[PDB]
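*Asks:* Sharing a structure, written as structure tokens. Questions coming.
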Amino acid sequence: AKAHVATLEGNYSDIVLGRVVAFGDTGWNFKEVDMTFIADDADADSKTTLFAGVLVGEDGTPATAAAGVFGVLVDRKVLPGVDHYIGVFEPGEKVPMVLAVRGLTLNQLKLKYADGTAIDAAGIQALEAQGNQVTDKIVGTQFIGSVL
Amino acid sequence: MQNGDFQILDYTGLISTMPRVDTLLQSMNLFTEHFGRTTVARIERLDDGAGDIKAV
């Protein structure tokens with residue numbers, strides 16, 4: 001009794017809840033950075049460890065402390081439900097990634113550090129230095145089996 | 001009929017039997033019938049709900 005099963009959960013717009021759009025440029029909120037996709041140890045045919053919402057520094061190193069947080073990685077290559085880039089990049093390659101920096105209202109429950117740990121309260125200060133709002137007022141949702 | 005080589009009997013017919021068959025479940029028609037074309041099938045599921053709004 002085993003069947004091949006796949007699932008999808010979320011979307012892109014649940015991380016960047018709101019965004020200020022400038023007349024002059026529609027792309028002054030973001031910043032493109034050069035990021036390593038596959039580590040230098042894992043063989044070529046292995047899934048990437050990054051995910052949408054990982055805090056990264058300017059130098060492309062995924063954030064590990066509140067002192068290095070610079071932006072949120074929201075590139076379209078790591079959105080949920082893609083899974084088709086396995087084995088396309090050999091280990092150690094460096095690929096551009098789109099970060100989101102300025103003029104955003106960002107969810108907190110999905111922002112995480114390198115290892116998946118939640119964002120520290122003192123890490124919010126660094127992210128709001130760029131002029132962004134970290135909001136927790138998310139209604140959420142409740143599926144079958146629940147009352148209401 | 002004949003008994004042995006010289007005598008006779010009286011032949012009185014045949015007996016027969018056949019066991020029971022339980023059709024209870026099939027009678028009340030639970031299962032729908034869908035004639036496929038191959039030996040693999042796929043089923044998809046989707047579900048949505050609601051939330052607990054707060055005040056500001």
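Residue numbering restarts at 1 for every chain of the structure tokens, chains are lettered A, B, ... in their displayed order, and ligands are numbered from 1 as they appear.
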Near chain A, meaning an atom within 12 Å, which residues of chain B appear when counting only C-alpha atoms? Write them as a VMD selection string.

*Replies:* chain B and resid 40 to 56

*Asks:* Using only C-alpha atoms, determine which residues lie at most 10 Å from stretch 51-58 of chain A, disregarding the query and same-chain residues fewer than 2 positions distant; provide the list as a VMD selection string.

*Replies:* chain A and resid 12 15 to 16 31 to 35 48 to 49 60 to 80 99 to 100 106 to 119 123 127

*Asks:* Tell me which of A:122, A:95, A:105, A:39 sits closest to residue A:14, counting only C-alpha atoms.

*Replies:*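 Of A:122, A:95, A:105, A:39, the one nearest residue A:14, counting only C-alpha atoms, is A:105.
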
*Asks:* To test your reading of the structure, identify every residue in chain A that backbone DSSP assigns to alpha helix (DSSP H), and report it as a list in words.

*Replies:*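 Secondary structure check on chain A, alpha helix (DSSP H): residues 123, 124, 125, 126, 127, 128 and 129 of chain A.
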
*Asks:* As an mmCIF file with N, CA and C atoms, in the first residue's frame, please: every residue in chain B that a backbone DSSP assignment puts in strand (DSSP E or B).

*Replies:*
data_model
loop_
_atom_site.group_PDB
_atom_site.id
_atom_site.type_symbol
_atom_site.label_atom_id
_atom_site.label_comp_id
_atom_site.auth_asym_id
_atom_site.auth_seq_id
_atom_site.Cartn_x
_atom_site.Cartn_y
_atom_site.Cartn_z
ATOM 1 N N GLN B 2 -31.671 -52.764 -13.963
ATOM 2 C CA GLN B 2 -31.190 -54.121 -13.759
ATOM 3 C C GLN B 2 -30.267 -54.157 -12.553
ATOM 4 N N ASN B 3 -30.471 -55.149 -11.692
ATOM 5 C CA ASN B 3 -29.610 -55.392 -10.543
ATOM 6 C C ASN B 3 -28.729 -56.589 -10.863
ATOM 7 N N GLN B 7 -31.413 -59.771 -11.897
ATOM 8 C CA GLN B 7 -32.532 -59.204 -11.164
ATOM 9 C C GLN B 7 -32.808 -57.776 -11.635
ATOM 10 N N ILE B 8 -33.758 -57.118 -10.969
ATOM 11 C CA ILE B 8 -34.175 -55.769 -11.327
ATOM 12 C C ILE B 8 -34.342 -54.932 -10.066
ATOM 13 N N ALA B 50 -11.414 28.581 5.853
ATOM 14 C CA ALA B 50 -11.603 29.950 6.317
ATOM 15 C C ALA B 50 -10.629 30.207 7.458
#

*Asks:* Which residues are near residue A:46? Cut-off 12 Å, only C-alpha atoms, ignore same chain within fewer than 3 positions. Put them as a list in words.

*Replies:*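 That gives residues 37, 38, 39, 40, 41, 42, 43, 49, 83, 84, 85, 86, 87, 88, 89, 90 and 91 of chain A.
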
*Asks:* Please save N, CA, C and O atoms of the selected residues as a PDB file, in the first residue's frame.

*Replies:*
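File written: again.pdb
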ATOM      1  N   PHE A  37      23.995  27.882  -6.145  1.00  0.00           N
ATOM      2  CA  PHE A  37      22.765  27.101  -6.188  1.00  0.00           C
ATOM      3  C   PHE A  37      22.933  25.739  -5.525  1.00  0.00           C
ATOM      4  O   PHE A  37      22.157  25.380  -4.636  1.00  0.00           O
ATOM      5  N   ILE A  38      23.934  24.971  -5.949  1.00  0.00           N
ATOM      6  CA  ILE A  38      24.239  23.667  -5.377  1.00  0.00           C
ATOM      7  C   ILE A  38      25.553  23.781  -4.620  1.00  0.00           C
ATOM      8  O   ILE A  38      26.525  24.348  -5.134  1.00  0.00           O
ATOM      9  N   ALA A  39      25.582  23.249  -3.403  1.00  0.00           N
ATOM     10  CA  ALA A  39      26.785  23.313  -2.597  1.00  0.00           C
ATOM     11  C   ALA A  39      27.935  22.600  -3.304  1.00  0.00           C
ATOM     12  O   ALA A  39      27.761  21.934  -4.327  1.00  0.00           O
ATOM     13  N   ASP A  40      29.133  22.753  -2.742  1.00  0.00           N
ATOM     14  CA  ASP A  40      30.333  22.175  -3.331  1.00  0.00           C
ATOM     15  C   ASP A  40      30.542  20.717  -2.952  1.00  0.00           C
ATOM     16  O   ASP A  40      31.518  20.116  -3.413  1.00  0.00           O
ATOM     17  N   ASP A  41      29.669  20.133  -2.132  1.00  0.00           N
ATOM     18  CA  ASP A  41      29.873  18.771  -1.660  1.00  0.00           C
ATOM     19  C   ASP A  41      28.827  17.822  -2.231  1.00  0.00           C
ATOM     20  O   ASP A  41      29.160  16.724  -2.683  1.00  0.00           O
ATOM     21  N   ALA A  42      27.564  18.234  -2.212  1.00  0.00           N
ATOM     22  CA  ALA A  42      26.498  17.385  -2.724  1.00  0.00           C
ATOM     23  C   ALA A  42      26.687  17.135  -4.213  1.00  0.00           C
ATOM     24  O   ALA A  42      26.985  18.053  -4.982  1.00  0.00           O
ATOM     25  N   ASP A  43      26.512  15.881  -4.620  1.00  0.00           N
ATOM     26  CA  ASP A  43      26.672  15.520  -6.020  1.00  0.00           C
ATOM     27  C   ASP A  43      25.711  16.321  -6.888  1.00  0.00           C
ATOM     28  O   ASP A  43      24.782  16.970  -6.396  1.00  0.00           O
ATOM     29  N   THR A  49      19.051  23.321  -1.327  1.00  0.00           N
ATOM     30  CA  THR A  49      18.629  23.503   0.055  1.00  0.00           C
ATOM     31  C   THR A  49      17.964  24.852   0.314  1.00  0.00           C
ATOM     32  O   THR A  49      17.423  25.055   1.404  1.00  0.00           O
ATOM     33  N   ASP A  83      10.580  22.215  -8.793  1.00  0.00           N
ATOM     34  CA  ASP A  83      11.197  20.903  -8.619  1.00  0.00           C
ATOM     35  C   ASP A  83      11.816  20.328  -9.891  1.00  0.00           C
ATOM     36  O   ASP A  83      12.161  19.144  -9.921  1.00  0.00           O
ATOM     37  N   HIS A  84      11.972  21.137 -10.944  1.00  0.00           N
ATOM     38  CA  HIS A  84      12.471  20.594 -12.208  1.00  0.00           C
ATOM     39  C   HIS A  84      13.923  20.955 -12.495  1.00  0.00           C
ATOM     40  O   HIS A  84      14.397  20.660 -13.597  1.00  0.00           O
ATOM     41  N   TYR A  85      14.642  21.566 -11.556  1.00  0.00           N
ATOM     42  CA  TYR A  85      16.025  21.968 -11.781  1.00  0.00           C
ATOM     43  C   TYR A  85      17.033  20.963 -11.239  1.00  0.00           C
ATOM     44  O   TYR A  85      18.230  21.268 -11.196  1.00  0.00           O
ATOM     45  N   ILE A  86      16.585  19.777 -10.830  1.00  0.00           N
ATOM     46  CA  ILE A  86      17.508  18.787 -10.292  1.00  0.00           C
ATOM     47  C   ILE A  86      18.485  18.359 -11.375  1.00  0.00           C
ATOM     48  O   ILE A  86      18.087  18.004 -12.491  1.00  0.00           O
ATOM     49  N   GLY A  87      19.776  18.399 -11.049  1.00  0.00           N
ATOM     50  CA  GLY A  87      20.814  17.911 -11.933  1.00  0.00           C
ATOM     51  C   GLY A  87      21.185  18.824 -13.078  1.00  0.00           C
ATOM     52  O   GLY A  87      22.011  18.434 -13.910  1.00  0.00           O
ATOM     53  N   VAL A  88      20.606  20.026 -13.160  1.00  0.00           N
ATOM     54  CA  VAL A  88      20.917  20.940 -14.257  1.00  0.00           C
ATOM     55  C   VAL A  88      22.171  21.759 -14.002  1.00  0.00           C
ATOM     56  O   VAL A  88      22.839  22.160 -14.963  1.00  0.00           O
ATOM     57  N   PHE A  89      22.516  22.010 -12.742  1.00  0.00           N
ATOM     58  CA  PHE A  89      23.711  22.760 -12.385  1.00  0.00           C
ATOM     59  C   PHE A  89      24.649  21.861 -11.595  1.00  0.00           C
ATOM     60  O   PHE A  89      24.252  21.271 -10.588  1.00  0.00           O
ATOM     61  N   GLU A  90      25.892  21.764 -12.052  1.00  0.00           N
ATOM     62  CA  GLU A  90      26.887  20.998 -11.324  1.00  0.00           C
ATOM     63  C   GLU A  90      27.245  21.722 -10.026  1.00  0.00           C
ATOM     64  O   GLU A  90      27.059  22.934  -9.909  1.00  0.00           O
ATOM     65  N   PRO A  91      27.752  20.994  -9.032  1.00  0.00           N
ATOM     66  CA  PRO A  91      28.050  21.630  -7.743  1.00  0.00           C
ATOM     67  C   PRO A  91      29.058  22.758  -7.900  1.00  0.00           C
ATOM     68  O   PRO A  91      30.002  22.665  -8.688  1.00  0.00           O
TER      69      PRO A  91
END

*Asks:* Could you check how far atom CA of residue A:29 sits from atom CA of residue A:82, in Å to one decimal?

*Replies:*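 Those two atoms sit 24.3 Å apart.
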
*Asks:* If I take atom CA of residue A:20 and atom CA of residue A:125, how far is one from the other in Å, to one decimal?

*Replies:*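 Computing it gives 19.8 Å between the two atoms.
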
*Asks:* Tell me, in Å to one decimal, how far atom CA of residue A:103 is from atom CA of residue A:27.

*Replies:*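 Atom CA of residue A:103 sits 10.6 Å away from atom CA of residue A:27.
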